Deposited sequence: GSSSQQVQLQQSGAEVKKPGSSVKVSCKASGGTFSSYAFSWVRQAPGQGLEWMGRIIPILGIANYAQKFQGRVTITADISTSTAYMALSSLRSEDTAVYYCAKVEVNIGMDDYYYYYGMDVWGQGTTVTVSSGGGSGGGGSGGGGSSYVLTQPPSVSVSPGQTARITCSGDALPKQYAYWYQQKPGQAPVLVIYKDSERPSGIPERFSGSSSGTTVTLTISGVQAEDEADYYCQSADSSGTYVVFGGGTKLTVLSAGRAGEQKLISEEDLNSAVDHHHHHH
């Protein structure tokens, strides 16, 4: 049970630089790893980079060549993400989320997926591998809905699902291809076959109406990637 309170909103002109900091309270900081996702206004989730503080290892998405640099201060138990050469396209909400990781005493680490998200930070400025996700599926209020997610790297890497209700930070409801978190209710189920993964909701409610994104990593595992998105609205 660990919470994250990111810093307040910022405004900058094109070409400026923004620093966003999410303090993580509870637990032990050296045990965790952190990553950064940006939500373009009205568009899907977009991953930037992650960091493992105790080993000081960080990798960023290739679209941000050297603009973004991630760091953290174990002394202060905070994570810093800093963007430079700002542009209008960078206008988005920036989320900081805790990645549940595994770090070995020999040089082994495996990353897994983001379970705890921050409140969010909105920043405004103005002056090759993809997961294919069906854009929208509708289902009847007593029935069951199946949402797919298909990339050619899915036997090699795990998949994770996050539930983003409108005006809300994402919530992980299914992890490690098909695992059940303590919070999400029993109705949520996952399954993987070949290069296909499906999310399964048993007797879907109207409660369970939100965008769903499937996050998985590169074939190499170096970069994570996000699905285009899926709007599940339960038809009346």
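- Gaps in the model relative to the deposited sequence occur at 1-5, 133-146, 256-281, listed in sequence order.
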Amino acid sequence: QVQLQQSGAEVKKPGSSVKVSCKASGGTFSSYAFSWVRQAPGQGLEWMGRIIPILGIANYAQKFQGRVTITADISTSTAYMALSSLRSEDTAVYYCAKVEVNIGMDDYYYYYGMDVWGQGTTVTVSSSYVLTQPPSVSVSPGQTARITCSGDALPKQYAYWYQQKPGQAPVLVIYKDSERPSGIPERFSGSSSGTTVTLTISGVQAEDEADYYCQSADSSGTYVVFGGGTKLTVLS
From here on, numbers count along this sequence of modelled residues.
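- A summary of the deposited B-factors shows that, of 34-42 and 201-209, the stretch with the larger mean C-alpha value is 201-209.
- Mean CA B-factor, 102-110 versus 130-138: the higher value falls on 130-138.
- Within the listed group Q119, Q164, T71, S85, the record reports its top CA B-factor for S85.
- Split the chain's modelled residues into thirds by C-alpha temperature factor. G221 is in the lowest one.
- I174: CA B factor lies in the middle third for its chain, per the PDB record.
- In this PDB entry, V125 carries a Cα temperature factor that places it within the highest third of its chain's modelled residues.
- Ranked by Cα temperature factor within the chain, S16 sits in the highest third according to the deposited record.
- In this PDB entry, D152 carries a Cα temperature factor that places it within the middle third of its chain's modelled residues.
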